[PDB]
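Since the structure comes first, as C-alpha cells, the remarks are kept for the end.
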C-alpha cells in the first residue's frame, strides 16, 4: 500500500505531465496560429494602409 | 522438573516470538519509510522543485 501509494501519486504526475505537455505544446502553437492568422490579416491592412 | 522447566522455555519463547512480531514490523517500517522517504523526496524535487 505504501509502495502503491507513491506509485499512485507518482503515476498521476507522469499522466498529468503527459497530458499537460500535450496542452502546453498546443498552447504555444496556439499563439503562432493566432499570430500567423493575425499577421496574414494584418498584411491586408498594411497593403491597404 | 525437566518437563516443567521446558514449559518455561516455551513460555519464554512467546516473549522472544512476540518481540520479533513487533521487531519485524518495526524493522520493516523503516524499509517502507525509506523507500518513500527517498523516492518521493527525489520526485518532490522534480514535481515540487
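Residue numbers (the entry's author numbering), protein chains in the order written: chain A, 981 to 1029; chain B, 1667 to 1715. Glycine included, C-beta positions come from ideal geometry on N, C-alpha and C.
Interface partners of residue i on chain A, CB under 7 Å
i                       : result
residue 1705 of chain B : 986
Span of the alpha helix (DSSP H), counted from its first residue to its last, around residue i
i                       : result
residue 1713 of chain B : 1668 to 1713
residue 982 of chain A  : 982 to 1028
Within chain A, partners of residue i - CB distance below 9 Å
i                       : result
residue 1702 of chain B : 982, 983, 985 and 986
Per-residue contacts from residue i into chain B (C-beta, under 8 Å)
i                       : result
residue 1003 of chain A : Those do not exist, as residue 1003 of chain A stays about 17 Å from chain B at its closest Cβ, beyond 8 Å.
Neighbouring residues, chain B, relative to residue i (Cβ below 9 Å)
i                      : result
residue 993 of chain A : 1709, 1712 and 1713
Closer than 7 Å at the beta carbon, the chain B residues around residue i
i                      : result
residue 990 of chain A : 1709
Chain-ordered chain A contacts of residue i [CB-CB under 8 Å]
i                       : result
residue 1667 of chain B : Within 8 Å Cβ-Cβ: nothing; residue 1667 of chain B doesn't reach chain A, min ~49 Å.
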